[PDB]
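Below is one structure; the comments refer to it alone.
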Number of protein chains: 2
Amino acid sequence: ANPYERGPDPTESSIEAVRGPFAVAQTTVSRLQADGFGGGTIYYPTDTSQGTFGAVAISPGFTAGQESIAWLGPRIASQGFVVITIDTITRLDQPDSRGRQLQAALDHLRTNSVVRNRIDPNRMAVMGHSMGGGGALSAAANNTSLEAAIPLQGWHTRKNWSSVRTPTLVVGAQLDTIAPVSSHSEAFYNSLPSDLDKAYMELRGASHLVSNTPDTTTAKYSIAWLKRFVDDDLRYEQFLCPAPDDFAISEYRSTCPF
Amino acid sequence: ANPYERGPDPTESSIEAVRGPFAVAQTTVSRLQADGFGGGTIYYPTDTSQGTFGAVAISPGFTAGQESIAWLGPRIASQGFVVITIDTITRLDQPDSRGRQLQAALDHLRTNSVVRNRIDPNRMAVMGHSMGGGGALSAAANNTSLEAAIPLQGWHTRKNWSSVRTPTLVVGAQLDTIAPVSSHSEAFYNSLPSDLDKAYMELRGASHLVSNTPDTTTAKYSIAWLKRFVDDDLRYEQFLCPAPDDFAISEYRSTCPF
């Protein structure tokens, strides 16, 4: 019935895995080949027999490069997504610009010879860390057809996200001193529409740097969110609704059921 | 002849390598087993045939976990060091405490069953990021027998380090707005004794978090510094005196020649 479902029925184990059920490969987009962003690495499932996949673009924060978010690329792609980790046009680009560059990176995928025939360009999502997470929110606020947005310890001067229409998972780090949850993450959750499919997940005892090295909690709920909303995969609702019984989470709020 | 020399003569490539010439293994110190720190991972060369190695302890910064500085552990150990990356007793510990914990971690190596016969207990060093780098300075200020100290984007309320007697490499980030180099890194360099072997290296265009993700400049000059001063290895002077030409370095000062 759902033509976008990919992979076997999930379990806690399967969404926690460093590599999911899809073998992955990668290809590089040079800065020269990139129109509207600074280049990137595309991670993709090598299996073409299950249909095309949704696409996800991921942005780093201020002065940072792909390497600060790279581990997310193959970890998410191996669950059945085409994922591009981007560099920005300059190191100093601000959040709204990072959002336009995330959208440019997603749109580049339909022109890339390696992956253009592996994607469904109508099912795309945005993620990012700190200013890159502010970029994810801006990208969603500037494209109401995006299927999902995931700011990781997002930073933005804009606190009012009432125009977002894209299901959004706001991942905060409890002890963040750079993008403190009280003035960034939680403020974003509060201003997103009250009837939008949305969640706030706070990582217990976590610093701002939690997304820059492998974090199983970040990965598993990012994967469940992308499944639920890029693929409309109801098999993953169980992991998102209601609050998970998870010691790694210090706080949770959502508009469940979705 | 210098009995502490380990490995072949270096090149720029050899100090930039993600893994040096020594195969490494690891062992874990749990939080329960750790006296005076929060546990850690010890990375060590498995080849004992060239002699014992100097030891290095590395601390994360405020609110952060061991994983945020873990990349340094095997990258440095594979050049011929026993390296312990620590967690702190609580995530909110301040710099002076981080220094006492770095010292406790070094002292733990002296009786650790896996590495006691692999270390030279008289040749030890400290490093850390931000408050952990302030911790490295504090540890040196309370133990003048330490052979090297390397604060990475260090933060401390104490600005005067005139009683430090340990050769120190201060790695600042040009665009740091959290531990700005003018009031932190550069102040530390300036107050270290004028006749100490010391250097200041500023990373061009970099934020406060630059050394928390693999950064070739951070790695290569940390390795050269630890070689030069933990091992007294004059083969590594060439990389430190005079200023390296790297585009990634926006400022350099030192007391060369050492």
Side-chain angles (χ1 to χ4, degrees), chain A residues 16 58-64 68-72 75-76 95 98 126-137 149-157 159 161 168-190 192 198-225 240 243-244 246-254, chain B residues 38 59-71 87-88 90-93 129-132 153 155 177-179 207-213:
Chain A
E16 283 181 33
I58 303 174
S59 173
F62 191 61
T63 69
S68 69
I69 59 170
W71 67 276
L72 282 160
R75 185 146 183 180
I76 291 169
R98 293 178 188 262
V126 281
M127 306 178 62
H129 178 238
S130 188
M131 278 199 180
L137 286 164
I150 314 184
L152 306 173
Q153 296 86 53
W155 187 100
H156 211 312
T157 54
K159 311 307 182 173
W161 295 102
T168 295
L169 169 61
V170 182
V171 185
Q174 183 177 36
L175 307 182
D176 200 325
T177 50
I178 295 180
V181 298
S182 64
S183 49
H184 291 266
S185 281
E186 284 169 339
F188 308 151
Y189 180 86
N190 288 339
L192 286 164
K198 55 176 187 179
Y200 171 60
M201 304 198 54
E202 189 181 280
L203 301 168
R204 182 180 306 275
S207 78
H208 189 68
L209 293 159
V210 66
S211 293
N212 304 130
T213 52
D215 181 67
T216 294
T217 310
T218 295
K220 69 190 289 193
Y221 294 116
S222 292
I223 286 156
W225 197 263
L240 299 172
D246 195 332
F247 186 65
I249 298 299
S250 38
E251 169 174 340
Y252 163 105
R253 194 180 154 177
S254 76
Chain B
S59 175
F62 191 57
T63 79
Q66 176 192 165
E67 203 183 343
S68 67
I69 39 97
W71 72 274
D87 276 300
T88 53
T90 74
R91 290 282 185 109
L92 305 183
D93 296 340
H129 190 267
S130 196
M131 290 209 178
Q153 296 92 69
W155 184 101
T177 55
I178 297 171
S207 82
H208 186 54
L209 308 180
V210 58
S211 301
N212 286 116
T213 289

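Just so it is clear, the values below take in all heavy atoms, side chains as well, and ignore hydrogens, waters and symmetry mates. We name chains A, B, ... by the order of the sequence lines, and we start the count at 1 in each one.
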Task: Smallest separation among heavy atoms of B:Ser211 and B:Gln153, with atom names - done: OG-NE2, 2.9 Å

- [ ] Considering non-hydrogen atoms only, spot the tightest contact between A:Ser183 and A:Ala187 and give its length.
- [x] O-CB, 3.8 Å

Open item on the list: To the closest 0.5 Å, what do you measure between CH2 (A:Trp161) and OG1 (A:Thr168)?
Closed with: 9.5 Å

TODO: Please report the closest heavy-atom contact between A:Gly172 and A:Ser185, naming both atoms and the distance.
DONE: CA-OG, 3.7 Å

Open item on the list: Quick check for you: to the nearest 0.5 Å, what is the distance between B:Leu209 atom CG and A:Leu209 atom CG?
Closed with: 5.0 Å

Open item on the list: Within the structure provided, determine whether A:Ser222 and A:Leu152 are in side-chain contact (heavy-atom separation under 4.5 Å).
Closed with: yes

Task: Distance in Å, A:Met201 CE paired with A:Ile150 CD1, rounded so as to fall on 0.5 Å steps - done: 11.0 Å

TODO: Would you give the length of the straight line joining atom CG of A:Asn212 to atom NE2 of A:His129, rounded to the nearest 0.5 angstrom?
DONE: 4.5 Å

Task: Polar side-chain atom of A:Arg75 near backbone of A:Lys220 as donor-acceptor pair, under 3.5 Å - done: no

TODO: Could you list the residues that satisfy side-chain contact (heavy atoms from CB on, under 4.5 Å) with A:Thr157, not counting sequence neighbours?
DONE: A:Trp155

Open item on the list: Less than 3.5 Å apart, any donor N or O on the side chain of A:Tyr252 or A:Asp246 sitting next to an acceptor on the other?
Closed with: no

Task: Nearest non-hydrogen partners of A:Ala173 and A:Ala206, listed with the distance - done: CB-O, 3.5 Å

Task: Exercise: identify the closest heavy-atom pair between B:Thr88 and B:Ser59 - done: CG2-OG, 4.2 Å

- [ ] Quick one: which residue pairs count as a salt bridge (charged side-chain N to carboxylate O under 4.0 Å, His left out) with a foot in residues 204-216 of chain A, not counting sequence neighbours?
- [x] none

Open item on the list: Let me confirm one number: the OG1-CG distance from B:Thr90 to B:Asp87, rounded to the nearest 0.5 Å.
Closed with: 11.0 Å

Open item on the list: Is the shortest side-chain heavy-atom distance between A:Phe188 and A:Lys159 below 4.5 Å?
Closed with: yes

Task: Closest heavy-atom pair and its distance - B:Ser68, B:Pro60 - done: OG-CB, 3.6 Å

Task: CZ/A:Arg253: more than 12 non-hydrogen atoms of other groups inside 6.0 Å - done: no

TODO: Let me see the working for A:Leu192 and A:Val170 under side chain to side chain contact (heavy atoms under 4.5 Å, CB included), right down to the final yes or no.
DONE: CA-CA 10 Å; A:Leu192 286 164; A:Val170 182; 4.1 Å; yes

Task: Distance (rounded to the nearest 0.5 Å) between A:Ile58 CD1 and A:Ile76 CD1 - done: 4.5 Å

Open item on the list: With heavy-atom distances below 4.5 Å as the criterion, would you say the side chains of A:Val126 and A:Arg98 are in contact?
Closed with: no

TODO: Under the side chain to side chain donor-acceptor pair (under 3.5 Å) rule, what do A:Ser250 and A:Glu202 come out as? Steps first, then yes or no, please.
DONE: CA-CA 6 Å; A:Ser250 38; A:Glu202 189 181 280; 2.9 Å; yes

Open item on the list: Side chains of B:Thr63 and A:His208: any donor to acceptor distance under 3.5 Å?
Closed with: no

Open item on the list: Run the ring pair (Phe, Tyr, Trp, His ring centres under 6.0 Å) test against A:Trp225 and tell me which residues pass, sequence neighbours left out.
Closed with: A:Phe229, A:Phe258

